[PDB]
file work_1.tsv (TSV, C-alpha atoms)
chain	number	residue	atom	x	y	z
A	1	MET	CA	57.98	93.93	20.39
A	2	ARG	CA	55.54	95.69	22.67
A	3	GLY	CA	58.61	97.22	24.24
A	4	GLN	CA	59.44	98.43	20.76
A	5	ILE	CA	56.01	100.04	20.40
A	6	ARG	CA	56.14	101.65	23.84
A	7	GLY	CA	59.48	103.22	22.97
A	8	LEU	CA	58.07	103.96	19.53
A	9	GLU	CA	55.05	105.87	20.79
A	10	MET	CA	57.09	107.87	23.25
A	11	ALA	CA	59.49	108.60	20.41
A	12	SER	CA	56.61	109.83	18.27
A	13	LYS	CA	55.67	112.08	21.16
A	14	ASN	CA	59.28	113.23	21.16
A	15	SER	CA	59.01	113.74	17.41
A	16	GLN	CA	55.89	115.88	17.73
A	17	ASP	CA	57.48	117.87	20.53
A	18	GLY	CA	60.25	118.22	18.00
A	19	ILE	CA	57.87	119.61	15.39
A	20	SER	CA	56.45	122.20	17.73
A	21	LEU	CA	59.90	123.22	18.91
A	22	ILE	CA	61.38	123.49	15.44
A	23	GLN	CA	58.29	125.36	14.29
A	24	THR	CA	58.56	127.69	17.28
A	25	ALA	CA	62.12	128.63	16.41
A	26	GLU	CA	61.25	128.66	12.71
A	27	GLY	CA	58.35	131.08	13.02
A	28	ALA	CA	60.45	133.25	15.28
A	29	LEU	CA	63.10	133.29	12.56
A	30	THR	CA	60.54	134.35	10.00
A	31	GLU	CA	59.62	137.24	12.30
A	32	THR	CA	63.30	138.16	12.59
A	33	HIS	CA	63.37	137.89	8.84
A	34	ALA	CA	60.46	140.27	8.40
A	35	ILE	CA	62.40	142.71	10.56
A	36	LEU	CA	65.51	142.22	8.40
A	37	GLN	CA	63.49	143.08	5.32
A	38	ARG	CA	62.32	146.29	6.92
A	39	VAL	CA	65.94	146.77	7.96
A	40	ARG	CA	67.17	146.49	4.38
A	41	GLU	CA	64.60	149.10	3.46
A	42	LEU	CA	66.19	151.07	6.29
A	43	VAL	CA	69.61	150.54	4.69
A	44	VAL	CA	68.54	152.07	1.41
A	45	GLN	CA	66.94	154.67	3.66
A	46	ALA	CA	70.13	154.74	5.68
A	47	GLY	CA	71.41	155.19	2.16
A	48	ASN	CA	71.11	158.78	3.49
A	49	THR	CA	68.79	159.36	0.58
A	50	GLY	CA	72.18	159.00	-0.99
A	51	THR	CA	73.35	162.04	0.92
B	1	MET	CA	51.41	49.08	44.56
B	2	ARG	CA	49.07	50.86	46.92
B	3	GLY	CA	52.20	52.33	48.40
B	4	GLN	CA	52.96	53.55	44.91
B	5	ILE	CA	49.54	55.21	44.65
B	6	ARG	CA	49.79	56.81	48.08
B	7	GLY	CA	53.13	58.33	47.13
B	8	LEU	CA	51.64	59.10	43.73
B	9	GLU	CA	48.68	61.05	45.08
B	10	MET	CA	50.82	63.01	47.50
B	11	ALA	CA	53.16	63.71	44.59
B	12	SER	CA	50.23	65.00	42.54
B	13	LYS	CA	49.41	67.26	45.46
B	14	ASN	CA	53.04	68.35	45.37
B	15	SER	CA	52.68	68.87	41.63
B	16	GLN	CA	49.60	71.06	42.04
B	17	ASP	CA	51.30	73.02	44.80
B	18	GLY	CA	54.00	73.34	42.20
B	19	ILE	CA	51.58	74.77	39.66
B	20	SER	CA	50.25	77.38	42.05
B	21	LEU	CA	53.76	78.34	43.14
B	22	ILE	CA	55.14	78.60	39.63
B	23	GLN	CA	52.05	80.52	38.57
B	24	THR	CA	52.43	82.83	41.56
B	25	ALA	CA	55.99	83.72	40.60
B	26	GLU	CA	55.02	83.78	36.92
B	27	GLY	CA	52.17	86.24	37.32
B	28	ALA	CA	54.36	88.37	39.54
B	29	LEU	CA	56.93	88.38	36.74
B	30	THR	CA	54.32	89.49	34.26
B	31	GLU	CA	53.51	92.38	36.60
B	32	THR	CA	57.21	93.25	36.79
B	33	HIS	CA	57.18	92.99	33.04
B	34	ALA	CA	54.29	95.42	32.68
B	35	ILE	CA	56.33	97.82	34.80
B	36	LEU	CA	59.37	97.29	32.55
B	37	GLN	CA	57.28	98.19	29.53
B	38	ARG	CA	56.20	101.41	31.17
B	39	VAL	CA	59.86	101.84	32.11
B	40	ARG	CA	60.99	101.55	28.51
B	41	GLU	CA	58.44	104.20	27.67
B	42	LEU	CA	60.13	106.14	30.46
B	43	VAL	CA	63.50	105.56	28.76
B	44	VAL	CA	62.37	107.12	25.52
B	45	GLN	CA	60.86	109.73	27.82
B	46	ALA	CA	64.11	109.75	29.76
B	47	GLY	CA	65.30	110.19	26.20
B	48	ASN	CA	65.09	113.78	27.55
B	49	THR	CA	62.71	114.40	24.71
B	50	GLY	CA	66.05	114.00	23.05
B	51	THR	CA	67.31	117.02	24.94

call {"tool": "encode", "arguments": {"input": "work_1.tsv", "output": "structure tokens"}}
result
Amino acid sequence: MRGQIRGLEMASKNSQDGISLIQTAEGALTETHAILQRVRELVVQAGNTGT
Amino acid sequence: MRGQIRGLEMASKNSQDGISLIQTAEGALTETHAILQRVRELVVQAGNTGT
């Protein structure tokens, strides 16, 4: 059992490391996303003002 | 009979020597075991933090 808790605790560390990783990528993707919103504005602007 | 007690007493000495031997090995095995617990933690850490 104490084996199970040692592996548990290290797996909770691995879980937390998970959370910070996934949140790193996630926040980066929200930054990309903010770009993409400005980009879409630059599509209706690259709408050529129509022409 | 006093033969039986002479052999008895020396056999109790041999028993006690037994206890200290078996406890020597035993305690050593509990130290090994403590390692193995840290090792298991180092398996979930050699879990590669997953990857």

call {"tool": "closest_atom_pairs", "arguments": {"input": "work_1.tsv", "of": "chain B", "to": "chain A", "cutoff": "12 Å", "atoms": "only C-alpha atoms", "output": "tab-separated table"}}
result
residue	atom	partner	partner_atom	distance
B:33	CA	A:3	CA	9.9
B:34	CA	A:3	CA	9.7
B:35	CA	A:3	CA	10.8
B:36	CA	A:3	CA	8.3
B:37	CA	A:3	CA	5.5
B:38	CA	A:6	CA	7.3
B:39	CA	A:6	CA	9.1
B:40	CA	A:7	CA	6.0
B:41	CA	A:7	CA	4.9
B:42	CA	A:10	CA	8.0
B:43	CA	A:7	CA	7.4
B:44	CA	A:7	CA	5.5
B:45	CA	A:10	CA	6.2
B:46	CA	A:10	CA	9.8
B:47	CA	A:11	CA	8.4
B:48	CA	A:14	CA	8.7
B:49	CA	A:14	CA	5.1
B:50	CA	A:14	CA	7.1
B:51	CA	A:14	CA	9.7

call {"tool": "atom_distance", "arguments": {"input": "work_1.tsv", "atom1": "CA of residue 32 in chain B", "atom2": "CA of residue 1 in chain A"}}
result
16.4 Å

call {"tool": "calpha_fit_and_write", "arguments": {"input": "work_1.tsv", "fixed": "chain A", "moving": "chain B", "output": "mmCIF file with C-alpha atoms, in the frame of the given file"}}
result
data_model
loop_
_atom_site.group_PDB
_atom_site.id
_atom_site.type_symbol
_atom_site.label_atom_id
_atom_site.label_comp_id
_atom_site.auth_asym_id
_atom_site.auth_seq_id
_atom_site.Cartn_x
_atom_site.Cartn_y
_atom_site.Cartn_z
ATOM 1 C CA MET B 1 57.973 93.938 20.389
ATOM 2 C CA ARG B 2 55.543 95.690 22.678
ATOM 3 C CA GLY B 3 58.609 97.214 24.236
ATOM 4 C CA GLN B 4 59.444 98.433 20.763
ATOM 5 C CA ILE B 5 56.007 100.038 20.403
ATOM 6 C CA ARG B 6 56.139 101.655 23.832
ATOM 7 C CA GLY B 7 59.480 103.223 22.966
ATOM 8 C CA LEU B 8 58.071 103.957 19.524
ATOM 9 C CA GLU B 9 55.046 105.866 20.786
ATOM 10 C CA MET B 10 57.089 107.868 23.254
ATOM 11 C CA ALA B 11 59.495 108.593 20.406
ATOM 12 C CA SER B 12 56.602 109.830 18.272
ATOM 13 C CA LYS B 13 55.669 112.088 21.159
ATOM 14 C CA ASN B 14 59.283 113.234 21.163
ATOM 15 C CA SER B 15 59.016 113.734 17.412
ATOM 16 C CA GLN B 16 55.893 115.877 17.730
ATOM 17 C CA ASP B 17 57.487 117.874 20.527
ATOM 18 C CA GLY B 18 60.251 118.226 17.999
ATOM 19 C CA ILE B 19 57.879 119.609 15.389
ATOM 20 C CA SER B 20 56.444 122.207 17.731
ATOM 21 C CA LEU B 21 59.908 123.225 18.911
ATOM 22 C CA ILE B 22 61.378 123.494 15.439
ATOM 23 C CA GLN B 23 58.289 125.361 14.288
ATOM 24 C CA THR B 24 58.552 127.688 17.277
ATOM 25 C CA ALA B 25 62.123 128.630 16.410
ATOM 26 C CA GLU B 26 61.252 128.661 12.705
ATOM 27 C CA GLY B 27 58.354 131.078 13.018
ATOM 28 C CA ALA B 28 60.450 133.250 15.287
ATOM 29 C CA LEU B 29 63.095 133.289 12.558
ATOM 30 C CA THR B 30 60.536 134.349 10.003
ATOM 31 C CA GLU B 31 59.618 137.235 12.309
ATOM 32 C CA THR B 32 63.298 138.163 12.595
ATOM 33 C CA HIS B 33 63.373 137.889 8.846
ATOM 34 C CA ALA B 34 60.457 140.272 8.398
ATOM 35 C CA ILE B 35 62.401 142.712 10.563
ATOM 36 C CA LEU B 36 65.509 142.221 8.398
ATOM 37 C CA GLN B 37 63.488 143.077 5.319
ATOM 38 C CA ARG B 38 62.314 146.285 6.916
ATOM 39 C CA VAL B 39 65.940 146.776 7.952
ATOM 40 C CA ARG B 40 67.172 146.490 4.385
ATOM 41 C CA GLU B 41 64.605 149.097 3.466
ATOM 42 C CA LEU B 42 66.188 151.073 6.292
ATOM 43 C CA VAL B 43 69.612 150.540 4.686
ATOM 44 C CA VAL B 44 68.546 152.070 1.410
ATOM 45 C CA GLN B 45 66.934 154.664 3.658
ATOM 46 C CA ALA B 46 70.129 154.742 5.685
ATOM 47 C CA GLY B 47 71.408 155.187 2.157
ATOM 48 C CA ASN B 48 71.106 158.779 3.485
ATOM 49 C CA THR B 49 68.795 159.351 0.580
ATOM 50 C CA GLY B 50 72.184 158.997 -0.988
ATOM 51 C CA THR B 51 73.346 162.043 0.923
#

call {"tool": "axis_aligned_box", "arguments": {"input": "work_1.tsv", "around": "range 34-49 of chain B", "padding_each_side": "6 Å", "output": "JSON"}}
result
{"center_x": 59.8, "center_y": 104.9, "center_z": 29.8, "size_x": 23.0, "size_y": 31.0, "size_z": 22.1}

call {"tool": "decode", "arguments": {"input": "work_1.tsv", "residues": "range 29-48 of chain B", "atoms": "N, CA, C and O atoms", "output": "PDB file, in the first residue's frame"}}
result
ATOM      1  N   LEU B  29      16.630  -6.052   5.189  1.00  0.00           N
ATOM      2  CA  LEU B  29      15.606  -6.181   4.165  1.00  0.00           C
ATOM      3  C   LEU B  29      14.619  -5.038   4.238  1.00  0.00           C
ATOM      4  O   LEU B  29      14.023  -4.659   3.227  1.00  0.00           O
ATOM      5  N   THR B  30      14.399  -4.509   5.434  1.00  0.00           N
ATOM      6  CA  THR B  30      13.535  -3.352   5.551  1.00  0.00           C
ATOM      7  C   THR B  30      14.215  -2.113   4.992  1.00  0.00           C
ATOM      8  O   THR B  30      13.541  -1.211   4.482  1.00  0.00           O
ATOM      9  N   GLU B  31      15.548  -2.058   5.059  1.00  0.00           N
ATOM     10  CA  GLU B  31      16.263  -0.965   4.407  1.00  0.00           C
ATOM     11  C   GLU B  31      16.163  -1.079   2.893  1.00  0.00           C
ATOM     12  O   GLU B  31      15.857  -0.090   2.205  1.00  0.00           O
ATOM     13  N   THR B  32      16.448  -2.272   2.362  1.00  0.00           N
ATOM     14  CA  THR B  32      16.195  -2.558   0.955  1.00  0.00           C
ATOM     15  C   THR B  32      14.794  -2.140   0.580  1.00  0.00           C
ATOM     16  O   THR B  32      14.560  -1.551  -0.476  1.00  0.00           O
ATOM     17  N   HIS B  33      13.845  -2.460   1.441  1.00  0.00           N
ATOM     18  CA  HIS B  33      12.462  -2.170   1.151  1.00  0.00           C
ATOM     19  C   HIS B  33      12.225  -0.679   1.047  1.00  0.00           C
ATOM     20  O   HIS B  33      11.535  -0.214   0.134  1.00  0.00           O
ATOM     21  N   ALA B  34      12.773   0.079   1.993  1.00  0.00           N
ATOM     22  CA  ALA B  34      12.673   1.528   1.941  1.00  0.00           C
ATOM     23  C   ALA B  34      13.220   2.066   0.627  1.00  0.00           C
ATOM     24  O   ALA B  34      12.605   2.950  -0.002  1.00  0.00           O
ATOM     25  N   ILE B  35      14.368   1.527   0.188  1.00  0.00           N
ATOM     26  CA  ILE B  35      14.848   1.840  -1.153  1.00  0.00           C
ATOM     27  C   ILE B  35      13.741   1.579  -2.155  1.00  0.00           C
ATOM     28  O   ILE B  35      13.256   2.508  -2.797  1.00  0.00           O
ATOM     29  N   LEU B  36      13.244   0.338  -2.201  1.00  0.00           N
ATOM     30  CA  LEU B  36      12.274  -0.076  -3.211  1.00  0.00           C
ATOM     31  C   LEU B  36      11.054   0.822  -3.249  1.00  0.00           C
ATOM     32  O   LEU B  36      10.443   1.000  -4.308  1.00  0.00           O
ATOM     33  N   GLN B  37      10.677   1.385  -2.110  1.00  0.00           N
ATOM     34  CA  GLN B  37       9.599   2.353  -2.105  1.00  0.00           C
ATOM     35  C   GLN B  37      10.015   3.616  -2.829  1.00  0.00           C
ATOM     36  O   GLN B  37       9.294   4.106  -3.717  1.00  0.00           O
ATOM     37  N   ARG B  38      11.196   4.138  -2.492  1.00  0.00           N
ATOM     38  CA  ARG B  38      11.703   5.275  -3.243  1.00  0.00           C
ATOM     39  C   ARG B  38      11.847   4.930  -4.716  1.00  0.00           C
ATOM     40  O   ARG B  38      11.619   5.774  -5.585  1.00  0.00           O
ATOM     41  N   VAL B  39      12.189   3.680  -5.013  1.00  0.00           N
ATOM     42  CA  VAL B  39      12.326   3.243  -6.390  1.00  0.00           C
ATOM     43  C   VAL B  39      10.995   3.343  -7.094  1.00  0.00           C
ATOM     44  O   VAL B  39      10.910   3.873  -8.198  1.00  0.00           O
ATOM     45  N   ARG B  40       9.937   2.831  -6.466  1.00  0.00           N
ATOM     46  CA  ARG B  40       8.622   2.882  -7.087  1.00  0.00           C
ATOM     47  C   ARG B  40       8.222   4.315  -7.373  1.00  0.00           C
ATOM     48  O   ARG B  40       7.691   4.626  -8.453  1.00  0.00           O
ATOM     49  N   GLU B  41       8.503   5.210  -6.426  1.00  0.00           N
ATOM     50  CA  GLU B  41       8.347   6.628  -6.704  1.00  0.00           C
ATOM     51  C   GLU B  41       9.173   7.026  -7.917  1.00  0.00           C
ATOM     52  O   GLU B  41       8.762   7.877  -8.714  1.00  0.00           O
ATOM     53  N   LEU B  42      10.337   6.398  -8.084  1.00  0.00           N
ATOM     54  CA  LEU B  42      11.168   6.682  -9.242  1.00  0.00           C
ATOM     55  C   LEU B  42      10.741   5.888 -10.471  1.00  0.00           C
ATOM     56  O   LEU B  42      11.392   5.985 -11.515  1.00  0.00           O
ATOM     57  N   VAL B  43       9.693   5.069 -10.361  1.00  0.00           N
ATOM     58  CA  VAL B  43       9.094   4.444 -11.536  1.00  0.00           C
ATOM     59  C   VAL B  43       7.998   5.339 -12.065  1.00  0.00           C
ATOM     60  O   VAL B  43       7.853   5.539 -13.275  1.00  0.00           O
ATOM     61  N   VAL B  44       7.191   5.879 -11.157  1.00  0.00           N
ATOM     62  CA  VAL B  44       6.190   6.842 -11.585  1.00  0.00           C
ATOM     63  C   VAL B  44       6.866   8.147 -11.974  1.00  0.00           C
ATOM     64  O   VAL B  44       6.301   8.959 -12.715  1.00  0.00           O
ATOM     65  N   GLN B  45       8.092   8.363 -11.490  1.00  0.00           N
ATOM     66  CA  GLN B  45       8.909   9.445 -12.018  1.00  0.00           C
ATOM     67  C   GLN B  45       9.621   9.017 -13.287  1.00  0.00           C
ATOM     68  O   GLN B  45       9.705   9.790 -14.248  1.00  0.00           O
ATOM     69  N   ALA B  46      10.113   7.777 -13.328  1.00  0.00           N
ATOM     70  CA  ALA B  46      10.515   7.190 -14.597  1.00  0.00           C
ATOM     71  C   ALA B  46       9.313   6.803 -15.440  1.00  0.00           C
ATOM     72  O   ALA B  46       9.492   6.246 -16.526  1.00  0.00           O
ATOM     73  N   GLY B  47       8.101   7.115 -14.966  1.00  0.00           N
ATOM     74  CA  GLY B  47       6.935   7.357 -15.788  1.00  0.00           C
ATOM     75  C   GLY B  47       7.127   8.407 -16.874  1.00  0.00           C
ATOM     76  O   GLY B  47       6.251   8.574 -17.724  1.00  0.00           O
ATOM     77  N   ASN B  48       8.245   9.144 -16.830  1.00  0.00           N
ATOM     78  CA  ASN B  48       8.709  10.081 -17.841  1.00  0.00           C
ATOM     79  C   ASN B  48       7.902  11.351 -17.700  1.00  0.00           C
ATOM     80  O   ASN B  48       7.844  12.156 -18.631  1.00  0.00           O
TER      81      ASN B  48
END
